[PDB]
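This is structure-v6.pdb (PDB, C-alpha atoms).
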ATOM      1  CA  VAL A1293      40.965 -94.405  10.326  1.00  0.00           C
ATOM      2  CA  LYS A1294      41.115 -92.182   7.231  1.00  0.00           C
ATOM      3  CA  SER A1295      44.150 -94.097   5.953  1.00  0.00           C
ATOM      4  CA  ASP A1296      45.085 -97.499   4.499  1.00  0.00           C
ATOM      5  CA  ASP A1297      43.959 -99.520   7.556  1.00  0.00           C
ATOM      6  CA  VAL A1298      42.204-102.713   6.491  1.00  0.00           C
ATOM      7  CA  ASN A1299      42.070-104.890   9.621  1.00  0.00           C
ATOM      8  CA  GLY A1300      41.745-101.702  11.628  1.00  0.00           C
ATOM      9  CA  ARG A1301      39.035-100.555   9.234  1.00  0.00           C
ATOM     10  CA  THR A1302      37.006-103.682   9.972  1.00  0.00           C
ATOM     11  CA  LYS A1303      37.579-103.388  13.721  1.00  0.00           C
ATOM     12  CA  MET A1304      36.584 -99.717  13.669  1.00  0.00           C
ATOM     13  CA  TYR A1305      33.474-100.390  11.580  1.00  0.00           C
ATOM     14  CA  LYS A1306      32.467-103.121  14.027  1.00  0.00           C
ATOM     15  CA  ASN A1307      33.097-100.789  16.970  1.00  0.00           C
ATOM     16  CA  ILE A1308      31.075 -97.993  15.347  1.00  0.00           C
ATOM     17  CA  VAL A1309      28.283-100.516  14.881  1.00  0.00           C
ATOM     18  CA  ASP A1310      28.671-101.463  18.558  1.00  0.00           C
ATOM     19  CA  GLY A1311      29.300 -97.888  19.698  1.00  0.00           C
ATOM     20  CA  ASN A1312      32.723 -98.632  21.201  1.00  0.00           C
ATOM     21  CA  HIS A1313      34.688 -95.667  19.761  1.00  0.00           C
ATOM     22  CA  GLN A1314      38.154 -97.226  19.708  1.00  0.00           C
ATOM     23  CA  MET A1315      40.916 -97.346  17.092  1.00  0.00           C
ATOM     24  CA  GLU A1316      43.846 -99.784  17.125  1.00  0.00           C
ATOM     25  CA  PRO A1317      47.197 -98.302  16.014  1.00  0.00           C
ATOM     26  CA  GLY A1318      49.263-101.394  15.324  1.00  0.00           C
ATOM     27  CA  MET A1319      51.701-100.453  12.577  1.00  0.00           C
ATOM     28  CA  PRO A1320      51.040 -99.044   9.092  1.00  0.00           C
ATOM     29  CA  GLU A1321      51.386-101.447   6.197  1.00  0.00           C
ATOM     30  CA  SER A1322      53.270 -98.764   4.268  1.00  0.00           C
ATOM     31  CA  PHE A1323      55.928 -98.968   6.989  1.00  0.00           C
ATOM     32  CA  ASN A1324      56.579-102.650   6.296  1.00  0.00           C
ATOM     33  CA  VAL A1325      56.325-101.855   2.582  1.00  0.00           C
ATOM     34  CA  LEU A1326      59.118 -99.290   2.827  1.00  0.00           C
ATOM     35  CA  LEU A1327      61.102-101.761   4.921  1.00  0.00           C
ATOM     36  CA  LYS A1328      60.704-104.254   2.079  1.00  0.00           C
ATOM     37  CA  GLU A1329      61.692-101.601  -0.466  1.00  0.00           C
ATOM     38  CA  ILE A1330      64.875-101.223   1.562  1.00  0.00           C
ATOM     39  CA  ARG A1331      65.247-104.996   1.489  1.00  0.00           C
ATOM     40  CA  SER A1332      64.240-104.794  -2.177  1.00  0.00           C
ATOM     41  CA  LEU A1333      67.283-102.608  -2.789  1.00  0.00           C
ATOM     42  CA  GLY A1334      70.720-103.549  -1.497  1.00  0.00           C
ATOM     43  CA  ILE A1335      70.161-103.165   2.257  1.00  0.00           C
ATOM     44  CA  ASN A1336      68.604-105.460   4.843  1.00  0.00           C
ATOM     45  CA  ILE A1337      65.568-104.157   6.685  1.00  0.00           C
ATOM     46  CA  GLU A1338      65.690-104.973  10.396  1.00  0.00           C
ATOM     47  CA  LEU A1339      63.887-103.083  13.144  1.00  0.00           C
ATOM     48  CA  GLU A1340      65.026-103.368  16.751  1.00  0.00           C
ATOM     49  CA  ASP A1341      62.619-103.493  19.692  1.00  0.00           C
TER      50      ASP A1341
ATOM     51  CA  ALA B   2      25.155 -76.233  23.015  1.00  0.00           C
ATOM     52  CA  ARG B   3      28.078 -75.156  25.195  1.00  0.00           C
ATOM     53  CA  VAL B   4      29.734 -72.925  22.597  1.00  0.00           C
ATOM     54  CA  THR B   5      32.927 -71.863  24.396  1.00  0.00           C
ATOM     55  CA  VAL B   6      35.147 -73.814  26.784  1.00  0.00           C
ATOM     56  CA  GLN B   7      36.835 -71.679  29.441  1.00  0.00           C
ATOM     57  CA  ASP B   8      35.558 -73.087  32.740  1.00  0.00           C
ATOM     58  CA  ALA B   9      37.057 -76.535  32.097  1.00  0.00           C
ATOM     59  CA  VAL B  10      40.372 -74.917  31.136  1.00  0.00           C
ATOM     60  CA  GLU B  11      40.453 -73.023  34.435  1.00  0.00           C
ATOM     61  CA  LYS B  12      39.402 -76.134  36.380  1.00  0.00           C
ATOM     62  CA  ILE B  13      42.293 -78.100  34.838  1.00  0.00           C
ATOM     63  CA  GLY B  14      44.857 -75.378  34.072  1.00  0.00           C
ATOM     64  CA  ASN B  15      47.060 -77.366  31.695  1.00  0.00           C
ATOM     65  CA  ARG B  16      44.162 -77.533  29.158  1.00  0.00           C
ATOM     66  CA  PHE B  17      45.484 -80.890  27.859  1.00  0.00           C
ATOM     67  CA  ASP B  18      44.385 -83.053  30.792  1.00  0.00           C
ATOM     68  CA  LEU B  19      40.864 -81.565  30.799  1.00  0.00           C
ATOM     69  CA  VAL B  20      40.030 -83.167  27.450  1.00  0.00           C
ATOM     70  CA  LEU B  21      41.646 -86.385  28.679  1.00  0.00           C
ATOM     71  CA  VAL B  22      39.394 -86.444  31.759  1.00  0.00           C
ATOM     72  CA  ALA B  23      36.339 -85.621  29.648  1.00  0.00           C
ATOM     73  CA  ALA B  24      37.104 -88.435  27.196  1.00  0.00           C
ATOM     74  CA  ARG B  25      37.830 -90.885  30.014  1.00  0.00           C
ATOM     75  CA  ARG B  26      34.445 -90.111  31.575  1.00  0.00           C
ATOM     76  CA  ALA B  27      32.752 -90.319  28.162  1.00  0.00           C
ATOM     77  CA  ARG B  28      34.241 -93.718  27.282  1.00  0.00           C
ATOM     78  CA  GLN B  29      33.275 -95.080  30.701  1.00  0.00           C
ATOM     79  CA  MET B  30      29.718 -93.801  30.250  1.00  0.00           C
ATOM     80  CA  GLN B  31      29.528 -95.289  26.739  1.00  0.00           C
ATOM     81  CA  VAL B  32      30.733 -98.697  27.927  1.00  0.00           C
ATOM     82  CA  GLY B  33      28.471 -98.555  30.991  1.00  0.00           C
ATOM     83  CA  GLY B  34      28.755 -99.175  34.703  1.00  0.00           C
ATOM     84  CA  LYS B  35      28.713 -95.467  35.615  1.00  0.00           C
ATOM     85  CA  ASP B  36      25.960 -92.951  36.323  1.00  0.00           C
ATOM     86  CA  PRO B  37      26.001 -89.235  35.400  1.00  0.00           C
ATOM     87  CA  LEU B  38      26.335 -87.225  38.604  1.00  0.00           C
ATOM     88  CA  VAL B  39      24.763 -84.201  36.859  1.00  0.00           C
ATOM     89  CA  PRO B  40      21.142 -84.132  35.601  1.00  0.00           C
ATOM     90  CA  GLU B  41      21.275 -85.153  31.956  1.00  0.00           C
ATOM     91  CA  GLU B  42      18.990 -83.546  29.369  1.00  0.00           C
ATOM     92  CA  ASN B  43      19.054 -86.132  26.553  1.00  0.00           C
ATOM     93  CA  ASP B  44      22.454 -85.129  25.163  1.00  0.00           C
ATOM     94  CA  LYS B  45      25.732 -86.726  24.137  1.00  0.00           C
ATOM     95  CA  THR B  46      27.933 -88.325  26.783  1.00  0.00           C
ATOM     96  CA  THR B  47      30.764 -85.937  25.870  1.00  0.00           C
ATOM     97  CA  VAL B  48      28.773 -82.820  26.770  1.00  0.00           C
ATOM     98  CA  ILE B  49      27.474 -84.464  29.959  1.00  0.00           C
ATOM     99  CA  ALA B  50      30.989 -85.488  31.002  1.00  0.00           C
ATOM    100  CA  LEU B  51      32.281 -81.981  30.276  1.00  0.00           C
ATOM    101  CA  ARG B  52      29.496 -80.462  32.380  1.00  0.00           C
ATOM    102  CA  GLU B  53      30.134 -82.896  35.247  1.00  0.00           C
ATOM    103  CA  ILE B  54      33.866 -82.150  35.194  1.00  0.00           C
ATOM    104  CA  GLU B  55      33.305 -78.380  35.071  1.00  0.00           C
ATOM    105  CA  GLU B  56      30.728 -78.593  37.880  1.00  0.00           C
ATOM    106  CA  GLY B  57      33.583 -79.279  40.305  1.00  0.00           C
ATOM    107  CA  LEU B  58      32.701 -82.938  40.806  1.00  0.00           C
ATOM    108  CA  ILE B  59      34.946 -84.892  38.391  1.00  0.00           C
ATOM    109  CA  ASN B  60      38.739 -84.652  38.507  1.00  0.00           C
ATOM    110  CA  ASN B  61      41.770 -86.800  37.713  1.00  0.00           C
ATOM    111  CA  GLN B  62      41.849 -87.675  41.434  1.00  0.00           C
ATOM    112  CA  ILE B  63      38.127 -88.257  42.023  1.00  0.00           C
ATOM    113  CA  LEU B  64      37.957 -90.760  39.157  1.00  0.00           C
ATOM    114  CA  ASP B  65      41.162 -92.464  40.313  1.00  0.00           C
ATOM    115  CA  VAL B  66      39.928 -92.691  43.915  1.00  0.00           C
ATOM    116  CA  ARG B  67      36.578 -94.102  42.787  1.00  0.00           C
ATOM    117  CA  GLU B  68      38.294 -96.655  40.538  1.00  0.00           C
ATOM    118  CA  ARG B  69      40.637 -97.710  43.350  1.00  0.00           C
ATOM    119  CA  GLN B  70      37.690 -98.107  45.730  1.00  0.00           C
ATOM    120  CA  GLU B  71      35.793-100.172  43.150  1.00  0.00           C
ATOM    121  CA  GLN B  72      38.811-102.402  42.484  1.00  0.00           C
ATOM    122  CA  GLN B  73      39.450-102.913  46.207  1.00  0.00           C
ATOM    123  CA  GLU B  74      35.769-103.739  46.823  1.00  0.00           C
ATOM    124  CA  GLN B  75      35.971-106.781  44.517  1.00  0.00           C
TER     125      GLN B  75
ATOM    126  CA  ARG C 202      94.230 -92.298  13.565  1.00  0.00           C
ATOM    127  CA  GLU C 203      97.743 -92.083  15.012  1.00  0.00           C
ATOM    128  CA  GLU C 204      99.208 -91.462  11.550  1.00  0.00           C
ATOM    129  CA  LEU C 205      96.650 -88.711  10.946  1.00  0.00           C
ATOM    130  CA  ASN C 206      97.687 -87.252  14.293  1.00  0.00           C
ATOM    131  CA  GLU C 207     101.267 -87.819  13.128  1.00  0.00           C
ATOM    132  CA  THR C 208     100.345 -86.206   9.799  1.00  0.00           C
ATOM    133  CA  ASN C 209     101.533 -82.678   9.039  1.00  0.00           C
ATOM    134  CA  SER C 210      98.107 -80.964   8.943  1.00  0.00           C
ATOM    135  CA  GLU C 211      96.444 -79.286   5.924  1.00  0.00           C
ATOM    136  CA  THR C 212      93.379 -80.509   4.038  1.00  0.00           C
ATOM    137  CA  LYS C 213      94.927 -83.891   3.227  1.00  0.00           C
ATOM    138  CA  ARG C 214      95.665 -84.658   6.883  1.00  0.00           C
ATOM    139  CA  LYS C 215      92.231 -83.339   7.856  1.00  0.00           C
ATOM    140  CA  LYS C 216      90.550 -85.729   5.416  1.00  0.00           C
ATOM    141  CA  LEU C 217      92.785 -88.551   6.649  1.00  0.00           C
ATOM    142  CA  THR C 218      91.816 -87.870  10.267  1.00  0.00           C
ATOM    143  CA  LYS C 219      88.144 -87.738   9.295  1.00  0.00           C
ATOM    144  CA  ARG C 220      88.461 -91.077   7.505  1.00  0.00           C
ATOM    145  CA  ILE C 221      90.295 -92.565  10.492  1.00  0.00           C
ATOM    146  CA  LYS C 222      87.592 -91.400  12.901  1.00  0.00           C
ATOM    147  CA  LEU C 223      84.913 -92.755  10.564  1.00  0.00           C
ATOM    148  CA  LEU C 224      86.695 -96.113  10.430  1.00  0.00           C
ATOM    149  CA  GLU C 225      87.007 -96.190  14.224  1.00  0.00           C
ATOM    150  CA  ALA C 226      83.290 -95.477  14.574  1.00  0.00           C
ATOM    151  CA  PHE C 227      82.253 -98.031  11.942  1.00  0.00           C
ATOM    152  CA  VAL C 228      84.417-100.552  13.785  1.00  0.00           C
ATOM    153  CA  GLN C 229      82.697 -99.586  17.031  1.00  0.00           C
ATOM    154  CA  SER C 230      79.460-100.084  15.128  1.00  0.00           C
ATOM    155  CA  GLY C 231      78.574-103.638  14.211  1.00  0.00           C
ATOM    156  CA  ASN C 232      78.793-102.647  10.549  1.00  0.00           C
ATOM    157  CA  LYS C 233      80.334-105.193   8.208  1.00  0.00           C
ATOM    158  CA  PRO C 234      82.107-103.249   5.444  1.00  0.00           C
ATOM    159  CA  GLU C 235      81.393-106.128   3.058  1.00  0.00           C
ATOM    160  CA  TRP C 236      77.688-105.496   3.653  1.00  0.00           C
ATOM    161  CA  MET C 237      77.861-102.665   1.108  1.00  0.00           C
ATOM    162  CA  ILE C 238      78.773-105.255  -1.546  1.00  0.00           C
ATOM    163  CA  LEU C 239      75.617-107.353  -1.766  1.00  0.00           C
ATOM    164  CA  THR C 240      75.571-111.152  -2.104  1.00  0.00           C
ATOM    165  CA  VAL C 241      71.953-112.435  -2.196  1.00  0.00           C
ATOM    166  CA  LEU C 242      69.383-110.300  -3.983  1.00  0.00           C
ATOM    167  CA  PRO C 243      65.797-110.235  -2.677  1.00  0.00           C
ATOM    168  CA  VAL C 244      63.013-110.422  -5.246  1.00  0.00           C
ATOM    169  CA  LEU C 245      59.727-108.691  -4.554  1.00  0.00           C
ATOM    170  CA  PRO C 246      57.068-110.367  -2.465  1.00  0.00           C
ATOM    171  CA  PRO C 247      54.678-111.059  -5.341  1.00  0.00           C
ATOM    172  CA  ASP C 248      51.958-108.882  -3.800  1.00  0.00           C
ATOM    173  CA  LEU C 249      54.418-105.961  -3.758  1.00  0.00           C
ATOM    174  CA  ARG C 250      54.321-105.485  -7.560  1.00  0.00           C
ATOM    175  CA  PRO C 251      50.772-105.593  -8.937  1.00  0.00           C
ATOM    176  CA  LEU C 252      50.073-107.080 -12.351  1.00  0.00           C
TER     177      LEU C 252
END
Starting from the coordinates I provided, produce the structure as structure tokens.
Amino acid sequence: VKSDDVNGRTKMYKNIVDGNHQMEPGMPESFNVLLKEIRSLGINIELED
Amino acid sequence: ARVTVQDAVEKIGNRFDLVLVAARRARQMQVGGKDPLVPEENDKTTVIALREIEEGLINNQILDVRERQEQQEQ
Amino acid sequence: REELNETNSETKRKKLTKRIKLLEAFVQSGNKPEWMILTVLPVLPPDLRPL
């Protein structure tokens, strides 16, 4: 909540308006950004399941 | 307000599932479909859920049994 | 690995055995050695580098 979440920010604001009190983890954007930075340098970024 | 929490800790023992039960009761009360078994006094659902759990009426088995009965009654 | 086992000990043979074990592991891994030498270079997703 107190971090870079955008689509989670909107969902949380809507929930707080509705009184739902729920946050959706998903995955941080900075995680994909660092993955790209790896792909930006000479290494592929691939995450297994 | 209820300043110190010791009764809930004793009622749970592990002290990590007590907060889980309290929050599960609180979320259910906030969404609706449930009634406070303890007499409320115009307070937050968290305090009411904590009081109901500490009263010896709400547990991780009572809630599960009630949910199973509700699901089976559909 | 056999040659390192057949080697006559000391730091040189120790390093050789370490290299042999590392090669055996990297072979067990699906790691292409050529992957260290890059071929196609990714450019930034344009929203990765602000103007």
Item to check | the ChimeraX specification (/B :<12) & /A applied to the shown file, residues as an NGL selection string | outcome: :A and (1307-1308 or 1310-1314)
Item to check | chain C contacts on chain A, only C-alpha atoms, 7 Å, as a list in words | outcome: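 Therefore, the residues near the partner are residues 1331, 1332 and 1334 of chain A.
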Report the residues retrieved by the PyMOL selection byres ((chain B and resi 49) around 12) from the displayed file, expressed as a short mmCIF file (atom, residue, chain, number, x, y, z; two decimals) with C-alpha atoms, in the coordinates of the input.
data_model
loop_
_atom_site.label_atom_id
_atom_site.label_comp_id
_atom_site.auth_asym_id
_atom_site.auth_seq_id
_atom_site.Cartn_x
_atom_site.Cartn_y
_atom_site.Cartn_z
CA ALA B 2 25.16 -76.23 23.02
CA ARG B 3 28.08 -75.16 25.20
CA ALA B 23 36.34 -85.62 29.65
CA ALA B 24 37.10 -88.44 27.20
CA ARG B 26 34.44 -90.11 31.58
CA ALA B 27 32.75 -90.32 28.16
CA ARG B 28 34.24 -93.72 27.28
CA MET B 30 29.72 -93.80 30.25
CA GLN B 31 29.53 -95.29 26.74
CA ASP B 36 25.96 -92.95 36.32
CA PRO B 37 26.00 -89.24 35.40
CA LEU B 38 26.34 -87.22 38.60
CA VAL B 39 24.76 -84.20 36.86
CA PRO B 40 21.14 -84.13 35.60
CA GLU B 41 21.28 -85.15 31.96
CA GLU B 42 18.99 -83.55 29.37
CA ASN B 43 19.05 -86.13 26.55
CA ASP B 44 22.45 -85.13 25.16
CA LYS B 45 25.73 -86.73 24.14
CA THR B 46 27.93 -88.32 26.78
CA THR B 47 30.76 -85.94 25.87
CA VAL B 48 28.77 -82.82 26.77
CA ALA B 50 30.99 -85.49 31.00
CA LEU B 51 32.28 -81.98 30.28
CA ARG B 52 29.50 -80.46 32.38
CA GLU B 53 30.13 -82.90 35.25
CA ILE B 54 33.87 -82.15 35.19
CA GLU B 55 33.30 -78.38 35.07
CA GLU B 56 30.73 -78.59 37.88
CA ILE B 59 34.95 -84.89 38.39
#
Item to check | atom CA of residue 225 of chain C to atom CA of residue 202 of chain C, distance in Å rounded to a single decimal | outcome: 8.2 Å
Pick out the residues sitting within 12 Å of residue 1301 of chain A, and hand them over as a CSV table (one decimal) with C-alpha atoms, in the frame of the given file; count only C-alpha atoms, and ignore anything fewer than 4 positions along from it in its own chain.
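Wrote out-v1.csv, looks like this:
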chain,number,residue,atom,x,y,z
A,1293,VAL,CA,41.0,-94.4,10.3
A,1294,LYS,CA,41.1,-92.2,7.2
A,1295,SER,CA,44.2,-94.1,6.0
A,1296,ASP,CA,45.1,-97.5,4.5
A,1297,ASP,CA,44.0,-99.5,7.6
A,1305,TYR,CA,33.5,-100.4,11.6
A,1306,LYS,CA,32.5,-103.1,14.0
A,1307,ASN,CA,33.1,-100.8,17.0
A,1308,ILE,CA,31.1,-98.0,15.3
A,1314,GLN,CA,38.2,-97.2,19.7
A,1315,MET,CA,40.9,-97.3,17.1
A,1316,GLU,CA,43.8,-99.8,17.1
A,1317,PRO,CA,47.2,-98.3,16.0
A,1318,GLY,CA,49.3,-101.4,15.3
Item to check | atom CA of residue 207 of chain C to atom CA of residue 233 of chain C, distance in Å rounded to a single decimal | outcome: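 Spanning atom CA of residue 207 of chain C to atom CA of residue 233 of chain C is a straight-line distance of 27.6 Å.
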